[PDB]
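In structure tokens, one chain follows: the form deposited in one PDB entry.
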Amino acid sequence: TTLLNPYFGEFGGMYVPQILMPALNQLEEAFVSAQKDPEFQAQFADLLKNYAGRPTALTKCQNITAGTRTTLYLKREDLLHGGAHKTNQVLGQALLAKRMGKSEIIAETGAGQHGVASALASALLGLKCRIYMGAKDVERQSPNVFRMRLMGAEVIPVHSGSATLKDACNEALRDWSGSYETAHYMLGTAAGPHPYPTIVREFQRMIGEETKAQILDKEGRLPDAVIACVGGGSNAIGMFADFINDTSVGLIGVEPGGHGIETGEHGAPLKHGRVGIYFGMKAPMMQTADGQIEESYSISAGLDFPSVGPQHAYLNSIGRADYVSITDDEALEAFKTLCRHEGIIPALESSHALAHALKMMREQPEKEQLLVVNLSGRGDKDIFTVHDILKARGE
């Protein structure tokens, strides 16, 4: 029995060991209560505003679209405190943890952004934060690891399985299964078992709500489409949620195509994976033919969740949202273009969304279109990555 629907059509659910079900039902109850509580909402709104810096700007990109009939806006989550959208939902989850009387936070992280976000929320709100991160990731992400440590979080390297995000996700769940009385599990995307896909959507939905108000203000109409990159699905569902019932607004999610779909070296499970059951949910995932879970590959480490949020899979199935993919090279070009033409360094994650909007524009330059790209984060973190490619490719 639950209060809310744990499914989006066929996808989602609560596929967890029996010992973890009380934790999930507890969390769902707290959330339903919090969502009804004006004081919770006021506290959450206050941290968003006065700590995180909301509302974020909606920037019109004139140089980029010059000589086309595309008007392109970027939703500026890169300007949020911590430099990516993840900060929104960790503040809400932190507030939930406090509402339930928990004093400790567990989080998983791959590239480290979610770990950083969880660590800053915990430091602000006085929670003891421990972070699981695959051993290979700890090795590859020294800057985020030191941010987490400077913020007082305990970083725990995970050596099991592939020593990556998949394996930190398992270890987070194993820890929580024994510690949930005192620890909240701060999941890092709109995926995993119910109620996490719903909670994370609702704690990211100010992205789309602001975007709608801002575009009405500046253009007097809704966007023809909103475009967001899809790693696990949080930034994209945050952008999409308030537009779902505005049926003229296209919702386009962009998965990483890596070296190219046909190479198999990609992270596009929604469109190129197969439904499986893992990480507490029924969803498309990267998996072998006999059902072992695989890694997602992208130039962008933040898009390495080997599955996708069940709401995305559902929105795709009924044709409400469309999902596409963008390769490493297309993402690199869009990164280069934004820096040079708009003076904004975008996250390589966010560059997938931008690359798709540039395609929509370039392919049909006389098509009248009003587009918003969710610029989910800033790309300071990616400057060496983009250097050592334009170094190894001469340039």
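In this text, rigid core is short for the largest set of C-alphas that superpose within 1.5 Å between two forms. Counting begins at 1, following the sequence as shown.
Asker: Between 73 to 81 and 287 to 295, which one shows the bigger average Cα displacement from this form in 4 other deposited structures of this protein once the rigid core is aligned?
Answerer: Looking at 287 to 295 and 73 to 81 in 4 other deposited structures of this protein, the bigger mover is 287 to 295.
Asker: Aligning on the core, I want to see which stretch wanders more in 4 other deposited structures of this protein. Is it 382 to 390 or 369 to 377 by C-alpha RMS?
Answerer: Stretch with the larger root mean square C-alpha distance in 4 other deposited structures of this protein: 382 to 390.
Asker: Higher average CA B factor in the deposited record is what I'm after, so tell me if that's 199 to 207 or 98 to 106.
Answerer: The recorded data point to 98 to 106.
Asker: Select between 140 to 148 and 255 to 263 the stretch whose C-alpha atoms have the higher average B-factor in the entry.
Answerer: Result of the comparison: 140 to 148.
Asker: Maximum C-alpha temperature factor per the entry, among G192, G250, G178, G82, belongs to which one?
Answerer: Out of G192, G250, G178, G82, the record gives the largest C-alpha B-factor to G178.
Asker: Quick one: which of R76, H272, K212, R174 shows the highest Cα temperature factor in the PDB entry?
Answerer: Max CA B-factor in the entry, restricted to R76, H272, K212, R174: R174.
Asker: What third of the chain does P365 rank in for C-alpha temperature factor, lowest, middle or highest?
Answerer: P365: CA B-factor falls in the middle third of its chain.
Asker: For the chain shown, is the CA B-factor of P346 in the lowest, middle or highest third of its modelled residues?
Answerer: As the PDB entry reports it, the C-alpha B-factor of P346 lands in the lowest third of its chain.
Asker: Determine, from the deposited record, the chain-internal third of the Cα B-factor for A301: lowest, middle or highest.
Answerer: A301: CA B-factor falls in the highest third of its chain.
Asker: Ranking the modelled residues of this chain by C-alpha B-factor as given in the entry, is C339 in the lowest, middle or highest third?
Answerer: Answer is middle: the recorded C-alpha B-factor places it there.
Asker: Could you say whether, by C-alpha temperature factor, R69 belongs to the lowest, middle or highest third of its chain?
Answerer: Middle third, going by the recorded CA B-factors of the chain.
Only in words, not in the display: the form deposited with a small molecule bound, which the text now covers.
Asker: Pick from 98 to 106, 164 to 172, 243 to 251, 319 to 327: which stretch has a heavy atom within 4.5 Å of the small molecule in the deposited complex?
Answerer: In short, 164 to 172.
Asker: Taking 4.5 angstroms as the cut-off for heavy atoms, does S298 touch the small molecule in the deposited complex?
Answerer: No - in the deposited complex, heavy atoms of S298 and the small molecule never come within 4.5 Å of each other.
Asker: Given that the small molecule is not shown alongside this chain, does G92 nevertheless sit within 4.5 Å of it in the deposited complex, heavy atom to heavy atom?
Answerer: No, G92 is distant from the partner.
Asker: Please run the contact check for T189 against the small molecule in the deposited complex: heavy atoms, 4.5 angstroms, yes or no?
Answerer: It does: once the small molecule is placed as it appears in the deposited complex, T189 has a heavy atom within 4.5 Å of it.
Asker: Would you check, heavy atoms only and a 4.5 Å threshold, whether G258 touches the small molecule in the deposited complex?
Answerer: Because no heavy atom of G258 falls inside 4.5 Å of the small molecule in the deposited complex, the answer is no.
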